[PDB]
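Asker: For reference, the structure I am asking about is given below.
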Amino acid sequence: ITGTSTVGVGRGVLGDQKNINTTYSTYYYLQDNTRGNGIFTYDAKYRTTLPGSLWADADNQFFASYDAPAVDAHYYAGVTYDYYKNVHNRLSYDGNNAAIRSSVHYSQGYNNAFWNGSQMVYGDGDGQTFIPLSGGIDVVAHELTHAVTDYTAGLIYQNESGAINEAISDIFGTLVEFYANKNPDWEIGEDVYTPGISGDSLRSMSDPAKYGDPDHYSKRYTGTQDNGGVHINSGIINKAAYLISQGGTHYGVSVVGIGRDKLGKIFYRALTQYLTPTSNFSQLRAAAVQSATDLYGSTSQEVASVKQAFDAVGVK
Ligand SMILES: CC(C)C[C@H](NP(=O)(O)CNC(=O)OCc1ccccc1)C(=O)NC[C@@H](C)C(C)(C)C
Ligand SMILES: [Ca+2]
Ligand SMILES: [Ca+2]
Ligand SMILES: [Ca+2]
Ligand SMILES: [Ca+2]
Ligand SMILES: [Zn+2]
């Protein structure tokens, strides 16, 4: 909408106060004009028709319980935009400052979040498996990264390419969480998963097997559920990425860590210059090796560590 840029204040899902960029024209809208061609957050009003209505508020204060998922979807989309722009010189998900749209309060009791081809969508959870999913910065960044993938490599959402697609979203979700630097970890979704259970998470990148996901290619899922295991087999790639960054010895194979920033550079280059819609795990290894070679040189520690990490997870 046309209006003047304003700064509201509110509380997110976890109870934390934050400032949010809004737009004033009669109402204060969740429309952040400070980033690209805008970040826009919508109310789906417990229904499934999208996007719903652009979030309108009378007083620019967002402290109601109903407001909290909107505050966080809006704010964490901004953090994710900043990560891609400042770290990778990428302007929004399409590279040309496309408007970023999110809807919250999608459906009833909805234990998921997704990119629908055009926008991000967040359930409120049922209060048992999830609380409102936009409360997780890694979750928000995971969703926006699906849009990045779709505009770049275009990894088909099934089987190995789909597990790579998933892992890319978990990797960059985690790197955005570290960028913001509030309680960062290598776990996925811990801030919004299972409010009655402390210390767990939806997935672990450091130890995928803690939640039953494979940490070696020989343990990959080969059935048809979950689009051929896209949220399961992602563990193999998540573990490789974790090892590249942090190092470790896994199934007897030692990996020298090179840190998160270099992990992000390698995987961003692989995603945007080498992967294709049909890339499989072996082709991801080759893309990561080539990316590290481009950035650091063929004789570099970074190339050697990429090879060690894929060896450790059984991907040749
Ligand atoms: C980061 C996480 C909190 C949320 C993330 N959402 P996502 O990976 O983004 C789900 N996405 C999804 O299933 O997309 C299918 C689709 C939708 C629309 C158009 C085309 C395809 C995700 O991992 N969901 C699976 C969990 C909830 C399980 C338990 C596997 C059902
Ligand atoms: Ca208000
Ligand atoms: Ca965390
Ligand atoms: Ca996390
Ligand atoms: Ca929990
Ligand atoms: Zn996903």
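Chain A uses Swiss-Prot numbers throughout; the residues present, in order, are 233-548.
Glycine is treated like the rest: Cβ placed from N, Cα and C.
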Asker: Select one of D356, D358, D370, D493: the residue that Swiss-Prot places in the Ca(2+) 2 site alongside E409, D417, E419, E422.
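Answerer: Looking through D356, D358, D370, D493, the residue Swiss-Prot assigns to the Ca(2+) 2 site is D370.
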Asker: Going by the Zn(2+) site in Swiss-Prot, where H374, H378 are listed, which of the candidates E392, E398 is also part of it?
Answerer: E398
Asker: Looking only at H374, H378, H463, the recorded positions on record, which one has the least crowded Cβ, with the fewest other Cβ atoms within 10 Å?
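Answerer: Counting other Cβ atoms within 10 Å of each of the recorded positions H374, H378, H463 gives the minimum at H463.
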Asker: For Zn(2+), what surrounds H374, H378, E398 with a Cβ no more than 8 Å from their Cβ centroid?
Answerer: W347, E375, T377, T381, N397, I400, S401, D402, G405
Asker: Which recorded positions from the list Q293, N415, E419, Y425, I429, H463 come close to ligand 4, meaning a Cβ under 6 Å from one of its atoms?
Answerer: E419
Asker: Which recorded positions out of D291, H374, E409, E422, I429, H463 lie by ligand 1, going by a Cβ under 6 Å?
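Answerer: Among the recorded positions listed, those whose Cβ sits under 6 Å from ligand 1 are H374, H463.
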Asker: How many Å separate the Cα atoms of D289 (Ca(2+) 1 binding site) and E375 (active site)?
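Answerer: It is 25 Å, counting Cα to Cα.
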Asker: Say you check the Cα of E422 (Ca(2+) 2 binding site) against those of the binding-site residues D291, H374, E398; which is nearest?
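Answerer: For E422 (Ca(2+) 2 binding site), the closest Cα among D291, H374, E398 is found at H374.
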Asker: Please identify, among the recorded positions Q293, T426, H463, the one with the smallest Cα-Cα distance to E375 (active site).
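Answerer: Among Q293, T426, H463, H463.
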